[PDB]
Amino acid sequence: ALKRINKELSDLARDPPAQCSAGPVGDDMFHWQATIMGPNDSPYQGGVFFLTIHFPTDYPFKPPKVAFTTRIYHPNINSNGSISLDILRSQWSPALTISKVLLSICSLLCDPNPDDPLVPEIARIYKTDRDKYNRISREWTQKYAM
């Protein structure tokens, strides 16, 4: 997995994701730390969100384990930072990259998947009361992401 991890790391170097960045936290290639700017469209705007990426020994056969460390108000993201994204589980492909995963996560922030939620109460609010969801999501961005 080490060669694959390095090629990916360098790849971000030549074509760096906008409003995203990642790297090894320290000297361990398997363990990376990443940032996501709140997407301009989203209610998360202005917040900076930190994430951890851990690569399994079997990577890229098996998907990287990705979680939020920064607190966030999302139907698809729980209090512990765990993420419900298809690309991380069922729909993973060795073809896919961390850059793609980060892009997928940014997209997820813009458009949540309420029907298959990680937090049912938030999903309910997003569905029946979008204004309240946007308003609360903003409160948390300032409270936790600035």
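All residue numbers are counted from 1 along the displayed sequence.
Judged by mean Cα B factor in the deposited record, 93-101 ranks above the other of 74-82 and 93-101.
Of the two stretches examined, 12-20 and 129-137, the record assigns the greater average C-alpha temperature factor to 12-20. Between the residues 107, 40, 113, 52, the entry's highest C-alpha temperature factor is the one at 40.
Per-chain ranking of the deposited C-alpha B factor places residue 60 in the lowest third.
Placement of the Cα temperature factor of residue 35 within the chain: highest third of the modelled residues, per the deposited record. The PDB entry assigns residue 67 a C-alpha temperature factor belonging to the lowest third of its chain's modelled residues. Ranked by C-alpha B-factor against the other modelled residues of its chain, residue 29 falls in the highest third.
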